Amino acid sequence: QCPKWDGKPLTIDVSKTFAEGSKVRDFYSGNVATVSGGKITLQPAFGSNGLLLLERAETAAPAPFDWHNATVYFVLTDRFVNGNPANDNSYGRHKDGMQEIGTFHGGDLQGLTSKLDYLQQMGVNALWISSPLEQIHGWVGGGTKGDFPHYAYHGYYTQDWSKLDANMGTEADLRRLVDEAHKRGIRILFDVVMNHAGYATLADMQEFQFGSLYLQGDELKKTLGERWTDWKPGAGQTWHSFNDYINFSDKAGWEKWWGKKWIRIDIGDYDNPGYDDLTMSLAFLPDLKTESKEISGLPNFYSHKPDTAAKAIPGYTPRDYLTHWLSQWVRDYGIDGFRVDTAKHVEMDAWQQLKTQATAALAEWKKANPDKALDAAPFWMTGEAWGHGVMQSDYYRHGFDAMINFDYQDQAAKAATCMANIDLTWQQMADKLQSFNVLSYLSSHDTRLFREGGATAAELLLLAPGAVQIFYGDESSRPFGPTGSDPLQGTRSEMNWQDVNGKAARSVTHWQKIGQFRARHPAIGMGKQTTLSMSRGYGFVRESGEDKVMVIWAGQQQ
């Protein structure tokens, strides 16, 4: 079912690719061969699976960065490294004492900063982090059954875009991360949401005095207690049960939250969610009125939120505030781009505005910090549109430099046991991505962990045309963790650092060599592909202007 390999050296025909008498390096082994009769002979080093990464021996350093050859490392900051354990319990947040499925584990920006050398060793040149912005303080019911408390550990339940989340760290912590990353040629990307704000939690209701309960006086104190968030589900109750105590009819009480002008939600005297992608409510999340031309003022509950950096601005719509608040971080810190969540659930004008502003903001920060600035490159924005494939969609005309490619995960699944089965996908992609760019992944928090490969995931992802997204732990086969009654939760398991420094050391070393080779050769990401014809194993060359690389896979050893 797959090309085979005797295990002996390979004699490769390089006639058309490399020059006569020129030296060629297998980057994986360090072995150098001279061309004579348009031919070279090399043994794939042990632990290579029969890989040769063939380059001109001239090659000495990484190539100048291009987004079309980018290696993005996507990290859920909470589930990576806990640098500072003091911030793990911000806003009264608690571990669940069970399997920690949907709690803050305590991973933070400081801890992420401590591992930038590790990321650089993999040839990572862009770091995409979960939103570090202030989330909802409390929890909701986790999964269909409500078997775990679900906190905003993933950065998708935003409360205040103008502030950092205390669990992630301080303005100092974020500045150190961005500056240490930029010193290592690693761009910073923020996960950004504009579609929705987080659910109503007991912690936020109590702190910012919005919504209504059915419980009054001392019956309230008996049930919820001093801090309503400390409530545990009782006998014949699930973590969803607390919603039985919340009066979602109270018009005057729920207006004290975002306000009728800010969100569509099926609550009190608010405009109910629409029927189309733009105005519908995803999973009963408050849908932000991004299309509204109505001057909104600030969210009503920001009245009881003195720590906010949000200020009322004349003529400003909810959209204007959101693009403003997100742009501020770019101007202040030099954030190189955004990964945009739920791109299909927000009108295109909103995304264009965000891009215009974020682009101006990055240009400003680079002007004002020319020693720190990597280069004069514009702000990069990529989008999540569910089911988006390899296609120059309308998104590319309204401020997106690349959309996330959903199709590569399942295409690469058909090549898990056999690397050569990807060739038809790579030919298609290398050709179409001469005119535009996408961000392809094997694993995501929304889909599954690509583990059916083993260490072959390294070559499937890192040799793919266009930008590639390593999901944290891809390099270490981070196992799908406990998930309860939500099937996706296990995709966000803790980073398996014990395996990185143990049984998965071989795999990480493999990822490091491929990723470094990718960082040296824009042809991988950008080049036209010529698949070679050999009775001895699978192979291709990629050439893009200056750069030229040949990648040979010998096959299955036995």
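The first residue of the sequence shown is number 1, and the count goes up from there.
- As the entry records it, the average C-alpha temperature factor is higher for 274-282, out of 274-282 and 114-122.
- Stretch comparison (209-217 versus 431-439) by mean CA B-factor in the PDB entry places 209-217 on top.
- Residue-level inspection of the entry shows that, of 341, 407, 226, 78, 226 has the top Cα B-factor.
- Going by the entry's values, 48 shows the largest Cα B-factor out of 516, 69, 48, 509.
- Residue 330 sits in the lowest third of its chain by CA B factor, as recorded in the PDB entry.
- Residue 526: CA B factor lies in the middle third for its chain, per the PDB record.
- For residue 398, the recorded CA temperature factor ranks within the middle third of the chain's modelled residues.
- Ranked against the other modelled residues of its chain, the C-alpha B-factor of residue 196 as given in the entry falls in the lowest third.
- In the deposited entry, the Cα temperature factor of residue 323 places it in the lowest third of its chain's modelled residues.
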